[PDB]
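Novice: Supplied structure: target09.txt, compact mmCIF, C-alpha atoms.
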```
# COMPACT_ATOMS: atom_id res chain seq x y z
CA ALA A 2 -29.85 -3.90 10.61
CA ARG A 3 -28.38 -6.33 13.14
CA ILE A 4 -24.91 -5.26 14.37
CA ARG A 5 -22.01 -7.55 15.40
CA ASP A 6 -19.22 -5.99 17.50
CA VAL A 7 -15.69 -7.47 17.49
CA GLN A 8 -12.09 -6.50 18.17
CA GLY A 9 -10.04 -7.35 15.14
CA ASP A 10 -8.44 -5.83 12.08
CA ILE A 11 -10.55 -4.71 9.13
CA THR A 12 -8.05 -6.03 6.61
CA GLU A 13 -8.65 -9.54 7.88
CA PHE A 14 -12.47 -9.37 7.72
CA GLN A 15 -14.14 -11.99 5.48
CA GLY A 16 -17.37 -10.75 3.89
CA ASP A 17 -18.98 -8.68 1.14
CA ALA A 18 -17.77 -5.12 1.93
CA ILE A 19 -15.49 -3.16 4.26
CA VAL A 20 -16.51 0.48 4.88
CA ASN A 21 -13.79 2.97 5.69
CA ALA A 22 -13.75 6.68 6.42
CA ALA A 23 -11.69 8.66 3.93
CA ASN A 24 -11.71 12.25 2.64
CA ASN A 25 -13.69 13.49 -0.30
CA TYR A 26 -10.49 13.29 -2.38
CA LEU A 27 -10.40 9.49 -1.84
CA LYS A 28 -6.63 9.51 -1.29
CA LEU A 29 -5.76 6.91 1.36
CA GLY A 30 -4.13 8.54 4.37
CA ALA A 31 -2.44 6.92 7.36
CA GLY A 32 -3.70 4.45 9.96
CA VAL A 33 -6.27 1.84 8.89
CA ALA A 34 -6.76 3.68 5.59
CA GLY A 35 -3.10 2.97 4.95
CA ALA A 36 -3.51 -0.60 6.18
CA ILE A 37 -6.18 -1.00 3.51
CA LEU A 38 -4.04 0.40 0.71
CA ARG A 39 -1.15 -1.84 1.70
CA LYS A 40 -2.91 -5.24 2.03
CA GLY A 41 -5.45 -4.50 -0.69
CA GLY A 42 -2.72 -3.31 -2.97
CA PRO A 43 -2.16 -0.47 -5.46
CA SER A 44 -5.33 -1.49 -7.33
CA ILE A 45 -7.56 0.09 -4.69
CA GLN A 46 -5.82 3.48 -4.92
CA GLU A 47 -6.00 3.43 -8.75
CA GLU A 48 -9.78 2.98 -8.66
CA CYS A 49 -10.00 5.95 -6.27
CA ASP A 50 -8.05 8.08 -8.69
CA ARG A 51 -10.27 7.09 -11.64
CA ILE A 52 -13.32 8.03 -9.52
CA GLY A 53 -11.90 11.41 -8.62
CA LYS A 54 -13.21 13.72 -5.92
CA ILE A 55 -16.71 13.23 -4.52
CA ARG A 56 -18.66 15.45 -2.11
CA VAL A 57 -18.52 15.17 1.69
CA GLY A 58 -21.54 13.12 2.77
CA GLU A 59 -21.39 10.91 -0.37
CA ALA A 60 -19.70 7.50 -0.60
CA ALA A 61 -17.74 5.80 -3.40
CA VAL A 62 -17.32 2.13 -4.22
CA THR A 63 -14.08 0.56 -5.44
CA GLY A 64 -12.84 -3.01 -5.68
CA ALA A 65 -10.95 -4.71 -2.86
CA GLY A 66 -7.75 -5.92 -4.52
CA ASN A 67 -5.99 -8.54 -2.42
CA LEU A 68 -8.37 -8.02 0.52
CA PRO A 69 -10.69 -10.95 1.42
CA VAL A 70 -13.71 -8.86 0.33
CA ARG A 71 -15.32 -7.75 -2.91
CA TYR A 72 -15.63 -4.01 -2.43
CA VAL A 73 -14.38 -1.23 -0.25
CA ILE A 74 -16.91 1.51 0.41
CA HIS A 75 -15.27 4.92 0.89
CA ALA A 76 -17.47 7.04 3.14
CA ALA A 77 -16.33 10.63 2.60
CA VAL A 78 -16.46 12.21 6.08
CA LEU A 79 -13.85 14.95 6.16
CA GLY A 80 -12.85 17.51 3.52
CA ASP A 81 -13.21 21.22 4.18
CA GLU A 82 -15.42 21.69 7.31
CA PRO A 83 -14.74 18.79 8.02
CA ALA A 84 -15.85 16.23 10.68
CA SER A 85 -19.39 17.13 11.79
CA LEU A 86 -21.95 14.78 13.41
CA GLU A 87 -24.36 15.41 10.49
CA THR A 88 -21.44 14.77 8.18
CA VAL A 89 -20.90 11.32 9.75
CA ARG A 90 -24.65 10.54 9.54
CA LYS A 91 -24.72 11.31 5.80
CA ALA A 92 -21.64 9.18 5.21
CA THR A 93 -22.90 6.10 7.04
CA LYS A 94 -26.30 6.45 5.34
CA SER A 95 -24.68 6.80 1.94
CA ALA A 96 -22.40 3.85 2.63
CA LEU A 97 -25.33 1.65 3.55
CA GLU A 98 -27.33 2.85 0.50
CA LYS A 99 -24.41 1.71 -1.65
CA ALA A 100 -24.34 -1.69 0.06
CA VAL A 101 -28.07 -2.15 -0.58
CA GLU A 102 -27.57 -1.09 -4.24
CA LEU A 103 -24.88 -3.77 -4.76
CA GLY A 104 -26.93 -6.57 -3.24
CA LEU A 105 -24.64 -7.10 -0.29
CA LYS A 106 -25.21 -9.23 2.80
CA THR A 107 -22.24 -8.74 5.09
CA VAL A 108 -20.47 -5.39 5.45
CA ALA A 109 -17.83 -4.22 7.92
CA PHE A 110 -17.29 -0.79 9.44
CA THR A 111 -14.01 0.52 10.89
CA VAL A 112 -14.82 2.03 14.25
CA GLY A 113 -13.77 5.37 15.67
CA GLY A 114 -10.68 6.16 13.63
CA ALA A 115 -10.97 9.11 11.24
CA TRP A 116 -14.70 8.67 11.84
CA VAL A 117 -14.16 10.26 15.23
CA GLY A 118 -11.47 12.93 14.90
CA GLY A 119 -12.17 16.19 16.73
CA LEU A 120 -15.53 14.82 17.84
CA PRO A 121 -16.95 13.15 20.96
CA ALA A 122 -16.42 9.41 20.52
CA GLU A 123 -19.55 8.02 22.18
CA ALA A 124 -21.62 10.51 20.20
CA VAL A 125 -20.28 9.35 16.84
CA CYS A 126 -20.56 5.58 17.54
CA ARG A 127 -24.20 6.42 18.37
CA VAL A 128 -25.13 8.24 15.12
CA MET A 129 -23.52 5.43 13.10
CA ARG A 130 -25.35 2.73 15.09
CA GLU A 131 -28.54 4.81 14.61
CA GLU A 132 -27.93 4.89 10.86
CA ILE A 133 -27.14 1.17 10.65
CA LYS A 134 -30.29 0.12 12.56
CA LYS A 135 -32.44 1.87 9.93
CA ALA A 136 -30.81 -0.12 7.10
CA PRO A 137 -32.43 -3.14 5.46
CA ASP A 138 -32.08 -6.35 7.46
CA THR A 139 -30.81 -7.94 4.30
CA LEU A 140 -27.54 -6.37 5.51
CA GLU A 141 -25.35 -7.61 8.38
CA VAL A 142 -22.99 -5.03 9.72
CA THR A 143 -19.83 -5.91 11.59
CA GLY A 144 -18.24 -3.15 13.65
CA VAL A 145 -14.51 -3.82 13.83
CA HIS A 146 -12.89 -2.16 16.82
CA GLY A 147 -9.14 -1.76 17.21
CA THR A 148 -8.93 -2.33 20.97
CA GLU A 149 -10.78 -5.03 22.90
CA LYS A 150 -12.32 -2.61 25.38
CA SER A 151 -13.83 -0.42 22.70
CA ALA A 152 -15.35 -3.65 21.37
CA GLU A 153 -17.07 -4.27 24.71
CA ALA A 154 -18.59 -0.79 25.10
CA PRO A 155 -21.41 -1.18 22.55
CA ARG A 156 -22.25 -4.65 23.86
CA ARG A 157 -22.90 -2.71 27.10
CA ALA A 158 -24.71 0.48 26.02
CA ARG A 159 -27.41 -1.59 24.32
CA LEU A 160 -28.46 -3.12 27.60
CA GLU A 161 -29.53 0.44 28.45
CA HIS A 162 -32.38 2.94 28.49
CA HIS A 163 -33.93 4.78 26.30
CA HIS A 164 -35.60 8.25 26.77
```
Translate this file's structure into structure tokens.

Specialist:
Amino acid sequence: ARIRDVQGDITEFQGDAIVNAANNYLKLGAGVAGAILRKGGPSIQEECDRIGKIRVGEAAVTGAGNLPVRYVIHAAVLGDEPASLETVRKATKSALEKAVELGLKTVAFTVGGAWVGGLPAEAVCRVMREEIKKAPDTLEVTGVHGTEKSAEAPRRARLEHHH
């Protein structure tokens, strides 16, 4: 799947889905996860409660409340172990599955927040981008970086090489 790479804020993104890293509990922490709860509204957190706990690796789909999207896809990445590379691979793959299930065209990923904790940051961006590129091209993934320099780095490591 083709991958756009911009500096922005996920809660401004216009499209079909935003994909955020949460825990398996689905209880919106701090940072961007909090920025989502706040601008999306209480509705989002209520849907996460009704869903209840899922397993690390899996992903859960709730509505978007006051956010300019339809859905938020909660990719459960940390829980007990918690943030492994394989864990992140499962969570991106499950998130994309869920986008393909729902007939989506444009989805947005948050980039290197709770997705990256404890882990090497280039290494994670790479497993995610490896997972996304396997997805159906019917999808159109935007990676939404916080800082402008982190938004330039993938634009750069794709003019590279390659085993």

Novice: Mind checking which residues fall within 12 Å of range 95-107 of chain A, counting only C-alpha atoms, ignoring those fewer than 6 positions away in the same chain, and posting them as a ChimeraX atom specification?

Specialist: /A:2-5,14-23,56-63,70-78,88-89,129-144

Novice: Contacts between range 7-11 of chain A and range 100-160 of chain A, please, where a residue of range 100-160 of chain A counts if it comes within 6 Å (with only C-alpha atoms); show its shortest atom pair and distance in Å to one decimal, rows by chain and ascending number, as CSV.

Specialist:
```
residue,atom,partner,partner_atom,distance
A:145,CA,A:7,CA,5.3
A:146,CA,A:8,CA,4.6
A:147,CA,A:8,CA,5.7
A:148,CA,A:8,CA,5.9
A:149,CA,A:8,CA,5.1
A:152,CA,A:8,CA,5.4
```

Novice: Which residue out of A:35, A:91, A:79, A:150 has the minimum interatomic distance to residue 117 in chain A when all atoms listed in the file are used?

Specialist: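 Looking at the shortest contact to residue 117 in chain A, the residue is A:79.
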
Novice: Which distance in Å separates CA of residue 151 in chain A and CA of residue 67 in chain A, to one decimal?

Specialist: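 According to the coordinates, CA of residue 151 in chain A and CA of residue 67 in chain A are separated by 27.5 Å.
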
Novice: Of the candidates A:13, A:87, A:153, A:81, which shows the shortest atom-to-atom distance to residue 128 in chain A, using only C-alpha atoms?

Specialist: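 Checking each of A:13, A:87, A:153, A:81 against residue 128 in chain A, counting only C-alpha atoms, the winner is A:87.
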
Novice: Residues at most 8 Å from range 45-50 of chain A, counting all atoms listed in the file, excluding those fewer than 4 positions away in the same chain, as a VMD selection string?

Specialist: chain A and resid 27 to 29 38 41 63 to 66

Novice: In Å, with one decimal, what is the gap from CA of residue 86 in chain A to CA of residue 54 in chain A?

Specialist: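 Answer for the CA of residue 86 in chain A to CA of residue 54 in chain A separation: 21.2 Å.
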
Novice: How many Å separate CA of residue 92 in chain A from CA of residue 162 in chain A?

Specialist: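 Between CA of residue 92 in chain A and CA of residue 162 in chain A the gap works out to 26.4 Å.
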
Novice: Could you pull out every residue with an atom within 12 Å of (-2.6, 6.9, 12.4), file coordinates, counting only C-alpha atoms, and send them as a PDB file with C-alpha atoms, in the frame of the given file?

Specialist:
```pdb
ATOM      1  CA  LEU A  29      -5.760   6.910   1.360  1.00  0.00           C
ATOM      2  CA  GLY A  30      -4.130   8.540   4.370  1.00  0.00           C
ATOM      3  CA  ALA A  31      -2.440   6.920   7.360  1.00  0.00           C
ATOM      4  CA  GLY A  32      -3.700   4.450   9.960  1.00  0.00           C
ATOM      5  CA  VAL A  33      -6.270   1.840   8.890  1.00  0.00           C
ATOM      6  CA  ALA A  34      -6.760   3.680   5.590  1.00  0.00           C
ATOM      7  CA  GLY A  35      -3.100   2.970   4.950  1.00  0.00           C
ATOM      8  CA  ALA A  36      -3.510  -0.600   6.180  1.00  0.00           C
ATOM      9  CA  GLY A 113     -13.770   5.370  15.670  1.00  0.00           C
ATOM     10  CA  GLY A 114     -10.680   6.160  13.630  1.00  0.00           C
ATOM     11  CA  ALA A 115     -10.970   9.110  11.240  1.00  0.00           C
ATOM     12  CA  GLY A 118     -11.470  12.930  14.900  1.00  0.00           C
ATOM     13  CA  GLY A 147      -9.140  -1.760  17.210  1.00  0.00           C
TER      14      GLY A 147
END
```

Novice: Just checking: using all atoms listed in the file, which residue out of A:69, A:127, A:52, A:90 ends up closest to residue 109 in chain A?

Specialist: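 Closest to residue 109 in chain A of all the choices is A:69.
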
Novice: May I have the centre and edge lengths, in Å to one decimal, of an axis-aligned box around the listed atoms of range 4-13 of chain A with 3 Å added to every side, as AutoDock Vina command-line options?

Specialist:
```
--center_x -16.5 --center_y -7.1 --center_z 12.4 --size_x 22.9 --size_y 10.8 --size_z 17.6
```
